[PDB]
Amino acid sequence: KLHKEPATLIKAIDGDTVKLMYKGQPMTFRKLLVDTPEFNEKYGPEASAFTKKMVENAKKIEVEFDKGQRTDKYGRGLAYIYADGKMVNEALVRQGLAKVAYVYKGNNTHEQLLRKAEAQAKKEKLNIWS
């Protein structure tokens, strides 16, 4: 069972990385099970803009850790990010602005949900999939 925890946006970084105040401290988060293009590749700025809008325009941001390792080696929180109850990781993939990433260290709870969204984006030849 996973639980959502409040966070506050500090700064949108790129498609799949964002900085938030979490449990009183600023922390950089990496979105679980997604890979957005780096800003200097195709759909990079598109993925960055999408995430940025979602997190800035949200009234409530939440972070949901999975059951695996909670930080990568670069110190980034590994989480599912929600803006107003809506999962940003999922939205990226469904919009075809991110691919589903390999499972990292037991963090697989929403893998099927995301592969589902990705198959549909691909079926629609949407963005990355055009």
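Here is what the cut-offs are and how they apply
Residues numbered from 1 in each chain as written, not as in the entry; some residues may be left out. Heavy atoms only, no water. UniProt positions renumbered as here; feature names shortened; annotations may be inferred. Core = buried A, V, L, I, M, F, W, Y, C linked by side-chain atoms within 4.5 Å. Buried < 20%, exposed > 50% of the residue type's maximum accessible area, 1.4 Å probe, protein only. Helix = DSSP H or I, 4+ residues; strand = E, 2+ residues; numbered from the N terminus.

Method of determination, as given in the entry header: X-ray crystallography; reported resolution: 1.900 Å.

The name that the PDB entry assigns to the chain is Thermonuclease, with the source organism given as Staphylococcus aureus. What the UniProt record of the chain gives under Subcellular location is the line "Secreted". Under the heading Sequence similarities, UniProt records this for the chain: "Belongs to the thermonuclease family."

Asker: Where do I start with the nonpolar core in this structure?
Answerer: Most often, soluble globular proteins have nonpolar side chains that are buried together. One finds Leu20, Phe29, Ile61, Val63, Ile81 and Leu92 to be the most contacted residues of the largest nonpolar core, which totals 33 residues. Taken together, the elements giving at least two residues each to this core come down to strand 1 (5–12), strand 2 (17–22), helix 1 (44–57), strand 5 (61–65), strand 6 (77–83), helix 2 (88–94) and helix 3 (111–123). Looking at this core, the element that brings in the most residues is strand 6, giving six residues.

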